[PDB]
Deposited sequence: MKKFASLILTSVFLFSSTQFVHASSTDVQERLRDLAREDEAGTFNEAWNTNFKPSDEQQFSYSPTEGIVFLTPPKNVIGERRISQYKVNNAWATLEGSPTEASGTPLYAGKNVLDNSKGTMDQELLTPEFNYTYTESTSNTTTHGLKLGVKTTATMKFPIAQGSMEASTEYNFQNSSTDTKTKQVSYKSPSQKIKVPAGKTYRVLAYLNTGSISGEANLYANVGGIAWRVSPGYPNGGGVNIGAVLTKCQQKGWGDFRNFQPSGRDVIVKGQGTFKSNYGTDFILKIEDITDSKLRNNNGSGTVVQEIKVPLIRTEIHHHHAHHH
């Protein structure tokens, strides 16, 4: 969905216009640029004819996007992926007479991290508007980010190929034993929601009892009045002094490696063998290649 911000600010001016005359004259005028009439129990048939001075584009002047930003919304949902086999090596103490502490090789995996977002409730602001949102990943241990385009249905996908590495581990291998070390990359994903915000300025133009040819008041004050009165639906607008803040929404998701698990098997009797030990190993991350796209 999309909010046409400029058109909604024009309707904001029309709401204040009609609502204020309805109080003044007990009429039932609707927000409109068209001439309309209404029967007042205290006044008779009354006419509302907005002049060319205020109609259409001239309902708002000094319209400006002042700032735009995006913030994490709620608690993202993290999940664990299927572990990915990374390789294996042998720790051979079959000919040794002493127990040894033997260092494993480093294991590695070439992984494509992906971050994507979708603008689900867009803001049509009259100018290309973007904002970057940051979120924690991997149970709060790293920070990631994603750039929203505020137009409805905008999608972004960013990928990085990275190399994950497990540091060498020290394994006790008893005399005469042969051990096998198998390595697996653990993965995770995250998804969540973003709030999209724009602070916009402007002056709303209405005919009114005090200004029968039209007068202008900042949109922040006009919105404050209209929300207090119940004139029109501006549920995703908030006053901010003379300006208003308008809110949209997006989604995001991301995937990444989390760590390595090493599985130690006794293969002395020769062919999988008994698992003797498992080790969680923190990975070392090195970026190789990156690619950006927007749809």
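Mapping the modelled residues onto the deposited sequence reveals missing stretches at 1 to 23, 294 to 299, 325.
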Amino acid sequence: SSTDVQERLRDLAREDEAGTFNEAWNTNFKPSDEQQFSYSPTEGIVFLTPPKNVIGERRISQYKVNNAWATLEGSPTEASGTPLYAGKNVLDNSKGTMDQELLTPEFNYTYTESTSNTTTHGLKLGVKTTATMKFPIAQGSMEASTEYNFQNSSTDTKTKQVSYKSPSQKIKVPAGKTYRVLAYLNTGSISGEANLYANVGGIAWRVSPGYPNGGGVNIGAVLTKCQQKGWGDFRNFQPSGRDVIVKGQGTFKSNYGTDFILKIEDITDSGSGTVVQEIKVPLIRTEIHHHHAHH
From here on, numbers count along this sequence of modelled residues.
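A summary of the deposited B-factors shows that, of 149 to 157 and 110 to 118, the stretch with the larger mean C-alpha value is 149 to 157.
Between 31 to 39 and 222 to 230, it is 31 to 39 that carries the larger average Cα temperature factor according to the deposited entry. The entry assigns its greatest Cα B factor, within the set 192, 216, 126, 136, to 136. Set against one another, the Cα B-factors of 208, 93, 80, 199 in the record reach their highest point at 80.
Among the modelled residues of the chain, residue 45 sits in the highest third by CA temperature factor in this PDB entry.
Residue 240: CA B factor in the middle third of modelled residues in this chain (values from the PDB entry).
Per the PDB record, residue ranking by Cα B-factor puts residue 173 in the middle third of the chain. Residue 269: CA B factor in the highest third of modelled residues in this chain (values from the PDB entry). The deposited CA B-factor of residue 283 belongs to the middle third of values across its chain.
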